[PDB]
2 protein chains.
Amino acid sequence: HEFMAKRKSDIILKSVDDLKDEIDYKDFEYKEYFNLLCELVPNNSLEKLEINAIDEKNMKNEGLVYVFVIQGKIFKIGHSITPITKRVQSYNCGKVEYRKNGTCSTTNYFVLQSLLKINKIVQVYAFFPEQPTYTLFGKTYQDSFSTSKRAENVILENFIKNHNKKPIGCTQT
Amino acid sequence: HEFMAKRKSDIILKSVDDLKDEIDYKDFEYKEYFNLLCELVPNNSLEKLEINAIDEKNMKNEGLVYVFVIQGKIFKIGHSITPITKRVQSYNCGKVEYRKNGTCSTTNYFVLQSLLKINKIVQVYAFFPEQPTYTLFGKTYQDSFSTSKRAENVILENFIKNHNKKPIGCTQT
DNA sequence: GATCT
DNA sequence: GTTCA
DNA sequence: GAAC
DNA sequence: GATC
Ligand SMILES: [Ca+2]
Ligand SMILES: [Ca+2]
Ligand SMILES: [Ca+2]
Ligand SMILES: [Cl-]
Ligand SMILES: [Cl-]
Ligand SMILES: [Cl-]
Ligand SMILES: [Cl-]
């Protein structure tokens with residue numbers, strides 16, 4: 001690249017040659033816990049990633065660790081409390097315009113733009129950890145959320161039921 | 001305000017009168033589950049919030065739901081898998097410069113700037129849910145993380161021990 | 001399509 | 001103080 | 001909202 | 001990274 005990056009997220013990868021020093025997926029010690037869930041297909045015209053479902057039964061499963069692999073090289077390990085389709089939706093927020101707006105995460109910008117430029121199909125490996133049962137206010141939950149996030153959700157919903165709206169500082173609808 | 005806001009996070013609150021239709025903390029239905037944790041003190045000169053620790057034994061406790069209260073009014077309900085100190089430092093990322101850079105969340109920007117402009121001490125009430133025990137790869141955990149986030153941390157730490165670095169797409173140190 | 005947490 | 005997820 |  |  002030719003500019004002085006102020007930060008790592010501004011250094012967009014340029015080609016699969018930038019992955020030359022990465023670790024092979026074969027050398028991933030936890031790989032027996034992972035299965036090939038889906039693939040990502042870069043759509044440069046529409047500045048987004050499309051999905052080809054592979055492990056169709058798991059496409060709506062939530063709470064996963066994922067590995068993005070390009071030509072056998074590990075590009076990224078991440079996670080989501082949502083299904084993979086929503087995590088990809090989130091990556092599709094990494095558009096140039098939104099980075100300019102300051103409304104996307106630097107992570108989503110870095111990854112979306114890198115994958116678009118590398119322009120290869122990305123294999124997505126996933127592991128879905130078992131979810132514990134937990135209690136909050138004499139009610140039991142089993143899901144992908146942290147207990148604090150779930151507690152907040154119940155409390156905010158109740159608040160809206162009781163008061164007809166969220167607090168002014170809770171911006172999201 | 002006078003500009004055409006493109007989004008809700010750009011509408012910074014200007015004074016306590018902007019809270020006049022908010023719900024009083026005393027009418028909060030879950031108030032019996034919450035206890036005063038700390039106060040936040042706006043420091044406009046330094047464009048940040050300071051902390052007055054109250055519930056000292058809980059200042060390093062992780063996994064909470066919080067309520068920000070200003071002159072009796074509920075401004076916001078939120079949560080953190082970290083201690084309140086770290087959530088506050090995250091709010092301290094809501095600086096004008098960082099918003100211009102696009103490197104802070106719109107949430108942190110909206111809240112920090114609103115709290116600085118209102119310029120009142122904020123009472124922080126908190127509830128710490130009980131943490132369930134759970135198993136990953138035959139090891140037991142009991143913490144504030146979702147199972148997917150913990151699983152990814154465990155996997156990534158092992159990845160670093162094996163290959164001495166993180167994947168290139170994992171930007172954070 | 002776009003922002004919020 | 002400042003960016004990443 | 002989590003992390004450096 | 002979660003959400004609308
Ligand atoms: Ca992750
Ligand atoms: Ca009124
Ligand atoms: Ca929250
Ligand atoms: Cl969570
Ligand atoms: Cl309520
Ligand atoms: Cl600061
Ligand atoms: Cl490994």
Side-chain angles (χ1 to χ4, degrees), chain A residues 5-11 43 46-48 62-66 68 76-112 143-146 148-150 152-153 156 166 169-173, chain B residues 5-11 43 46-49 62-66 76-112 144-146 148-150 152-153 156 166-167 169-173:
Chain A
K6 299 190 171 305
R7 58 195 75 95
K8 206 160 163 191
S9 62
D10 281 332
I11 298 171
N43 186 339
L46 293 190
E47 200 179 2
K48 69 184 298 188
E62 64 207 351
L64 63 98
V65 183
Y66 68 82
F68 287 174
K76 177 168 186 180
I77 297 165
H79 85 280
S80 185
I81 76 179
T82 68
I84 194 65
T85 51
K86 298 189 174 170
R87 183 63 193 93
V88 169
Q89 184 177 224
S90 185
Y91 277 123
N92 285 341
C93 296
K95 298 198 193 322
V96 170
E97 191 183 354
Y98 312 154
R99 183 61 189 81
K100 210 169 302 300
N101 293 350
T103 57
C104 68
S105 60
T106 65
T107 294
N108 284 336
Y109 173 74
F110 163 72
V111 170
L112 177 64
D143 60 30
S144 59
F145 281 28
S146 66
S148 56
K149 185 175 167 86
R150 176 56 60 202
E152 192 257 0
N153 180 263
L156 206 41
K166 285 177 170 176
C170 296
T171 303
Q172 196 165 253
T173 304
Chain B
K6 295 197 215 169
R7 52 194 79 94
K8 202 157 158 190
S9 64
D10 281 329
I11 298 178
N43 186 332
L46 297 195
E47 194 176 9
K48 74 183 291 193
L49 308 167
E62 297 178 325
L64 72 144
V65 181
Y66 67 80
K76 177 165 180 180
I77 297 159
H79 82 287
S80 186
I81 76 181
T82 77
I84 194 56
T85 58
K86 290 187 171 166
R87 183 64 191 93
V88 171
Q89 189 48 34
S90 182
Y91 276 124
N92 284 342
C93 293
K95 296 193 195 189
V96 170
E97 188 182 354
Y98 311 156
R99 184 62 190 82
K100 305 248 190 82
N101 295 351
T103 55
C104 72
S105 63
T106 67
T107 295
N108 285 334
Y109 171 73
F110 160 76
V111 172
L112 182 62
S144 59
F145 283 27
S146 68
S148 68
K149 191 184 164 76
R150 176 54 66 208
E152 194 259 350
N153 173 258
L156 196 49
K166 294 179 166 176
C170 293
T171 303
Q172 197 167 66
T173 307

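Scope of the values below: all heavy atoms of this structure, side chains included, with no hydrogens, waters or symmetry mates. Note on naming: letters A, B, ... go to the chains in the order of the sequence lines (proteins, then strands), and numbering restarts at 1 for each one.
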Report yes or no: is there a donor-acceptor pair, N or O only, under 3.5 Å between the side chain of [X] and the base of [N]?
X: A/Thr82; N: F/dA2; answer: no
X: B/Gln89; N: D/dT2; answer: yes
X: A/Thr103; N: C/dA2; answer: no

Could you tell me whether [X] contacts a base, only the sugar-phosphate backbone, or nothing, with contacts defined as non-hydrogen atoms closer than 4.0 Å?
X: B/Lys48; result: nothing
X: A/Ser105; result: base
X: A/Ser90; result: base
X: A/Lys86; result: base

So, OP1 or OP2 of [N]: does either fall under 4.0 Å of a side-chain N or O from [X]?
X: A/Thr106; N: D/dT3; value: no
X: A/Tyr66; N: F/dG1; value: yes
X: A/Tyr91; N: F/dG1; value: yes
X: A/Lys100; N: C/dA2; value: no
X: B/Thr107; N: C/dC4; value: no
X: B/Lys76; N: E/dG1; value: yes
X: B/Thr171; N: D/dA5; value: yes

Rounded to whole Å, how long is the line connecting atom [atom1] of [X] with atom [atom2] of [N]?
X: B/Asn153; N: D/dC4; atom1: CG; atom2: P; result: 19 Å
X: A/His79; N: D/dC4; atom1: NE2; atom2: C1'; result: 13 Å
X: A/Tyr109; N: D/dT3; atom1: OH; atom2: P; result: 14 Å
X: B/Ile84; N: E/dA2; atom1: CD1; atom2: P; result: 10 Å
X: A/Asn108; N: F/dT3; atom1: CG; atom2: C1'; result: 12 Å
X: A/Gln172; N: E/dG1; atom1: CD; atom2: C1'; result: 12 Å
X: A/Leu156; N: F/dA2; atom1: CG; atom2: P; result: 18 Å
X: A/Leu112; N: F/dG1; atom1: CG; atom2: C1'; result: 14 Å

If we take the P atom in both C/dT5 and E/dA2, what is their distance in whole Å?
13 Å
Could you tell me how far D/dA5 sits from F/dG1 if I compare only their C1' atoms? Round to whole Å.
5 Å
Exam field: side chain [X] to backbone [Y], donor-acceptor pair closer than 3.5 Å:
X: B/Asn43; Y: B/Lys48; result: no
X: A/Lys95; Y: A/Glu47; result: yes
X: A/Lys8; Y: B/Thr171; result: yes

Side chain of [X] - closest among [options]:
X: A/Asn101; options: D/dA5, C/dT5, C/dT3; value: C/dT3
X: A/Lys149; options: C/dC4, D/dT2, F/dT3; value: F/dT3
X: B/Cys93; options: E/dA3, C/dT5, C/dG1; value: E/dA3
X: B/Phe145; options: E/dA2, D/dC4, E/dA3; value: E/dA3
X: A/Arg87; options: F/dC4, F/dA2, E/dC4; value: F/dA2

Could you verify whether a donor N or O on one side chain and an acceptor N or O on the other, from B/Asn92 and B/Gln89, lie under 3.5 Å apart?
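Yes, B/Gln89 and B/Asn92 have a side-chain donor paired with an acceptor closer than 3.5 Å.
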Return yes when atom NZ of A/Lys166 has more than 12 non-hydrogen atoms of other residues, nucleotides or ligands closer than 6.0 Å, and no otherwise.
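Atom NZ in A/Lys166 is packed in, count exceeds 12.
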Assign the ring pair B/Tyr91 / B/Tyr66 to parallel, tilted or perpendicular, where the plane angle (0 to 90°) is split at 30° and 60°.
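If you compare the ring of B/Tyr91 with that of B/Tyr66, the planes turn out perpendicular.
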Close side-chain approach of B/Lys149 and B/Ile81, heavy atoms under 4.5 Å:
yes
